[PDB]
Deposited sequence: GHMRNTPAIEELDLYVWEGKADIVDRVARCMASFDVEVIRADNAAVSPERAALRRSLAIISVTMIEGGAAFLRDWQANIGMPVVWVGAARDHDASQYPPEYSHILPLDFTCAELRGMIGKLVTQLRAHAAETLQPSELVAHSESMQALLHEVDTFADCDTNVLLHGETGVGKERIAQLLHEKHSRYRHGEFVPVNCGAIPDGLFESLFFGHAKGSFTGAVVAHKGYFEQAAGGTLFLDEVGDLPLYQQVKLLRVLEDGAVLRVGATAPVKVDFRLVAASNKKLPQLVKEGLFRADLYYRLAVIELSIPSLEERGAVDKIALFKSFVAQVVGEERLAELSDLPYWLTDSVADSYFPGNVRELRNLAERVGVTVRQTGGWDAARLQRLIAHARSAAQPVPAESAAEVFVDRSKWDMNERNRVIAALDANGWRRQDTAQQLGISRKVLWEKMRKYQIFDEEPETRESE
């Protein structure tokens, strides 16, 4: 890995095993959910519960209540993350009202299942992630200051691929390709063409590691289904 990743994983080593809330920063596809899964499985207690991922930017207002609090039957995300870790991706995309309901769950430590009269305690580790400048959203009143100061305790910054550099881009590409083709079959084929890795290293990935994994999956499947490195087929993919 590069220096950015080693520093980041060092932060993870320091801060994984404790109950404090974590806020992850980074562009789309840098690997924020992977980091949250790391934090989950390096927690000594919460590792035994479920990892519950939630994209707050794909929840329609009509279903927020059902999806988060459940029904008296449906189990919401809070109760699904009992003894585990809740990953709140795109937390900045929450509307203000849903921000307030979340902060009230976080402060009181309980949820009311829709259609119930007694609230039920809840215990989970909170990892939230955003790709936006949350403090500046708070200055504009698009994000609530109470929720922010409750979320933004352990802050981690996940580097982009352009920050990680060409050596890390090429190593990620190669391990993804090897995972798609099989290291043993890769051994029985020609070497990976140099123009391919050069092209990878000199390309900008807006989608960061998601986009790069997609490219390596297309490459690996082409190789797997044709039995070699077709330069026309591969060239089409760049």
{"item": "Regions of the deposited sequence not represented in the model", "value": "1-140, 213-221, 388-465"}
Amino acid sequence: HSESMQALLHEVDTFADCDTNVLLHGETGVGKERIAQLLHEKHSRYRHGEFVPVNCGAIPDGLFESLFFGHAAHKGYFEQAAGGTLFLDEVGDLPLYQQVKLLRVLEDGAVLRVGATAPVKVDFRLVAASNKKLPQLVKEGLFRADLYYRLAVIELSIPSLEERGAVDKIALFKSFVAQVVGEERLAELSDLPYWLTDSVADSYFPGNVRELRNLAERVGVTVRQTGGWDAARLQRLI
From here on, numbers count along this sequence of modelled residues.
query: Greater mean Cα temperature factor according to the PDB record, 158-166 or 112-120; finding: 112-120
query: Greater mean Cα temperature factor according to the PDB record, 174-182 or 22-30; finding: 174-182
query: Identity of residue with top Cα B-factor, from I59, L212, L192, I35; finding: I59
query: Most elevated Cα B-factor in the entry, residues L126, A73, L147, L96; finding: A73
query: Chain-relative CA temperature factor third for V52; finding: middle
query: For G84, the third of its chain into which the C-alpha B factor falls; finding: middle
query: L8 - Cα temperature factor, lowest/middle/highest third of chain; finding: middle
query: Third of the chain, ranked by Cα B-factor, where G92 sits; finding: lowest
query: Ranked C-alpha temperature factor of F205 among modelled chain residues, by third; finding: lowest
